[PDB]
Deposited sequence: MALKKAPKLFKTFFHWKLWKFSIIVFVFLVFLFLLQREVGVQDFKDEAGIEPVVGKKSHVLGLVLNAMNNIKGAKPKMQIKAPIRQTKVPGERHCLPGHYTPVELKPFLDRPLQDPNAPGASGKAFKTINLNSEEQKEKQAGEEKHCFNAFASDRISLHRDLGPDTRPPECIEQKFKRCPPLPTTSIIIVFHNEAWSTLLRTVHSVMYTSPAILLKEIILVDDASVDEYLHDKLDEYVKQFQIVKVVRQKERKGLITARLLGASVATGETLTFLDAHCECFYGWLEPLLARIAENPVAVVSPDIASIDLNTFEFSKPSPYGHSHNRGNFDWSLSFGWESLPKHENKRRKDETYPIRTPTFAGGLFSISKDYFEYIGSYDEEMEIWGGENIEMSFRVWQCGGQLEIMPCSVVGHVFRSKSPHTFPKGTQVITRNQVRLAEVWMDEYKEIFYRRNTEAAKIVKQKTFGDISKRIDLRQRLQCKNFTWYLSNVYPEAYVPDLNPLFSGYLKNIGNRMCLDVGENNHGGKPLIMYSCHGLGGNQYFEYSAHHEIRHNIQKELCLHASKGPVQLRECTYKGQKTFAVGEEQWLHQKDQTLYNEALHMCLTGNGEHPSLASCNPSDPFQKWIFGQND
């Protein structure tokens, strides 16, 4: 079953030929649809759509389910890439989980897949209904989908979330590989072959496309650039949030051109392909995780520690409509920390008070099956992960000198880094929540007040609003500069030695003021959670 040479373009022709498109139609070729100066009914429809789907459904509903994305703008080595017939390209089962998805967005996803995926690879499209209410997602969907012959709806009767839905999808799939997509995606030209070719070469590779943005207001598709605009890897922070970071120099050097995988410490986890056999062998998903949140970080750690490769294939591009309770997500994160993170789980627990509580109350469930998996696969430990996969990571102290919150006596609020503070921004005063996160601060042996969830940031004294800056102390040669050294004095003042001034919690932004221990706005409690 193993033929010589490379697949021909005709061998890889798609499952369905895209009908000719109207270049001046709304959102043609992936262009912006500006929905502006609407009649009175029209503004009510758009507003309704926005509240139901958290994207401009008014726009989606006026854009073709068949829209092309214009010329192929990938790097030339992606466009010219040829694939060996031995080992053969494996078949794939597409698995899409949906819950109350717009019709326009779900069926544009399914049409996109059929117009872009080689017929010889596309075994089936499995749509897993996670207990949708919308009636059009019941019999109308079932009947509409029959014409495509390979599309099947699987009904999860009660809402159990993405994890359970994906495992149900995988249990009925007959493809050699599984390809997970969300229900609001558009495939670019050539997206599937690079994922399936990489699994063919390396059966322990878990491979993700480069995920392009579809704009939630205009549905503009951010097209790839032919230079390959400097790529991102996935990471995590010590709140166990998924994030994106630049490639290190060593990875830029290894990748001779864009057909080379990007090795990624973590994956976003919405869009990826895996050998169906490897998905089973590596322990699928932790069945005791509820709804969703954390499963992509858990699977990242498990794949790396248990001997697989987590890769982004930049020749593979899929667009996704990016958008924008806590107990379920925190419990999922505690279960992954308890199984994979060894002694480093305490770094996470100190930053997420709800997680520390779930651990102390032992409400995270039995993990014996995931511990047995880790033992049976002889997985490496989290020290090995950090040394070998993510040697660039900032790793906080396992046992920091001190951590907690900084509560102001004057206004009874907490010092707070605010949203999206990666340095260079002032701080705010915010209601004390006791949750850690944006109110988490550590005290160091060098008298620094660190906020160290993603970057190592230091409270940095200035004439204006105090700021967070990247700490100057980071190893043996370096020093903590005066602006980043603080004394918590017997009068409860936070004193900067360099500027001879005290932090005040008055005004919009905490600032330095002449030291006045009578001023309750200058009195701070460095409390423990």
{"property": "Stretches with no C-alpha atoms in the model, relative to the deposited sequence starting at 1", "result": "1 to 93, 418 to 425, 631"}
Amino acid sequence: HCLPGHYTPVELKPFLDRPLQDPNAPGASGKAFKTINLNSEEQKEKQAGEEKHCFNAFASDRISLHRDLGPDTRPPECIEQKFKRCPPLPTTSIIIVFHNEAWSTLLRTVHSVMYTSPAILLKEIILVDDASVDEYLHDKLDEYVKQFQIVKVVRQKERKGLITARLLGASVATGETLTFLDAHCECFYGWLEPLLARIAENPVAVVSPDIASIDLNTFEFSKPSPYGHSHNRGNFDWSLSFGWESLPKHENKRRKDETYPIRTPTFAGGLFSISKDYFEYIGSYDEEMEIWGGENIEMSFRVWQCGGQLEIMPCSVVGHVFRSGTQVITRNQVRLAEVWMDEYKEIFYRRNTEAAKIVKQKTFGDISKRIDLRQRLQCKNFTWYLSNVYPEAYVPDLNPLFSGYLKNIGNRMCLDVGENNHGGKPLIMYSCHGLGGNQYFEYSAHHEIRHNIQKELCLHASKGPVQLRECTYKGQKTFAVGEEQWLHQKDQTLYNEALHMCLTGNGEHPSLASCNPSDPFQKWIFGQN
From here on, numbers count along this sequence of modelled residues.
| query | finding |
| --- | --- |
| Average Cα temperature factor in the PDB entry - higher stretch of 386 to 394, 185 to 193 | 386 to 394 |
| 345 to 353 versus 253 to 261 - which carries the larger mean C-alpha B factor in the record | 253 to 261 |
| Among 80, 176, 237, 101 - the residue whose C-alpha B-factor is largest in the record | 101 |
| Top residue by Cα temperature factor, when 84, 276, 111, 455 are compared in the entry | 455 |
| Third of the chain's Cα B-factor distribution that residue 439 belongs to, per the entry | lowest |
| Chain-relative CA temperature factor third for residue 485 | lowest |
| Residue 69, C-alpha B-factor rank within chain (lowest, middle or highest third) | middle |
| Among modelled residues of the same chain, the CA temperature factor third for residue 374 | lowest |
| Relative C-alpha B-factor of residue 307, binned into the chain's lowest, middle or highest third | lowest |
